[PDB]
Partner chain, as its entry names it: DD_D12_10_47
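Quick heads-up: it's one chain on its own, the form solved without the partner chain, in structure tokens.
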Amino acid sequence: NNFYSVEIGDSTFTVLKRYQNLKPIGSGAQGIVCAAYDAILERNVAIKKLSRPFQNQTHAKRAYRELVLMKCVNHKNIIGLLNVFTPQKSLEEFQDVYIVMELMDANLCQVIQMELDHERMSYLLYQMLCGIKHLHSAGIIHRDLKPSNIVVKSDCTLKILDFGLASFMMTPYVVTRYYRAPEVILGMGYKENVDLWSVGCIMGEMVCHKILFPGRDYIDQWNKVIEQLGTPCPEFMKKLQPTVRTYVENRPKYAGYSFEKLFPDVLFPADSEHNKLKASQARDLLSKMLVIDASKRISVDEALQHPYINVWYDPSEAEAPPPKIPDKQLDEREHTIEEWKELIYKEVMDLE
């Protein structure tokens, strides 16, 4: 037989014999991930087990979307597919999906605990911006970027792990909402620069080493935002639904703090003239990302062209050919369990 089984915690991993020495590196509501050695490729890989992905609509849609996008996206700043398999030998018996991926060294939560020089900080931000733009070019807006779903290597290279939001679910896993934009928090429309809000929260956290807006729920989340940045102007208020508008206008009013006070020189390398100029430019970029009103917030391309970032600019990275997404209905599906099962199985086996 071409497979063997190993127990990983309370889970059983049944994998191809080419993959050896499995070790757990991560977990989530969607599945469980092990590092492993690929004896054929002669390199380390990551293996994600998806257990019965067709069990409900939220898991099924996410799994199907993940499979399709990994098969059609190929960019250095998005985690790359190496293999997919199932150990079950028929549609009738089909249960689990295994996705094999590039293995990276660490997540951004680990990097946030470190003091970063301007070269490394700006290069990480550049790469995030290239990954995001590439997704936007294919009509994919992430909306859920956070430190835990961004990974790095010791050479400062960076990859985004996931493709973002689509959703009730029975799960012990708690949802992190600290990086979500005001327009997502308040149920407004959104465009591409929704993702720039999240990059600003991440950047701010890299500088300060603390979560900017650590809200317990969406109501607390909003409070934390206005405390730091100030109550938005009347022009923004007028874009909200009446029921939301009454709520937002009724909160206590806050003046907010200047970006000089939010992010002072002591948080940046600021010894040499070189570092002093860079600190000033870093603060300017923050001031253009952490903007409540999306109509006044910076675009992804404006961010790529910013003085802090543009030293890295390369069109083969920042202007790559868009992904060819085959499924025109990739974000608007409703199916039965047996239908999702067959759709996913066909994708894993590569059938139509």
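Numbering follows the first chain given and starts at 1.
In what follows, reference is made to the form deposited with the partner chain bound, a form of this protein that is not presented.
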Problem set entry | Candidate stretches 292-300, 66-74, 36-44, 49-57, one within 4.5 Å of the partner chain in the bound PDB entry by heavy atom | 49-57
Problem set entry | the partner chain contact in the bound PDB entry: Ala255, any heavy atom under 4.5 Å | no
Exercise. Taking heavy atoms only, is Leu186 within 4.5 angstroms of the partner chain in the bound PDB entry?
Worked result: yes
For this session: Answer yes if any heavy atom of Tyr178 is within 4.5 Å of a heavy atom of the partner chain in the bound PDB entry; otherwise answer no.
Result: no
For this session: Classify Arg251 as contacting or not contacting the partner chain in the bound PDB entry by the rule of any non-hydrogen atom within 4.5 angstroms, answering yes or no.
Result: yes
Exercise. Just one of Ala270, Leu82, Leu161, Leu165 has a heavy atom within 4.5 angstroms of the partner chain in the bound PDB entry, so which one?
Worked result: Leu165
Problem set entry | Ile141, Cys208, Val244, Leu91 - the one with a heavy atom within 4.5 Å of the partner chain in the bound PDB entry | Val244
Exercise. In the bound PDB entry, which residues of 196-219 put a heavy atom within 4.5 Å of the partner chain?
Worked result: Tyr218, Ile219
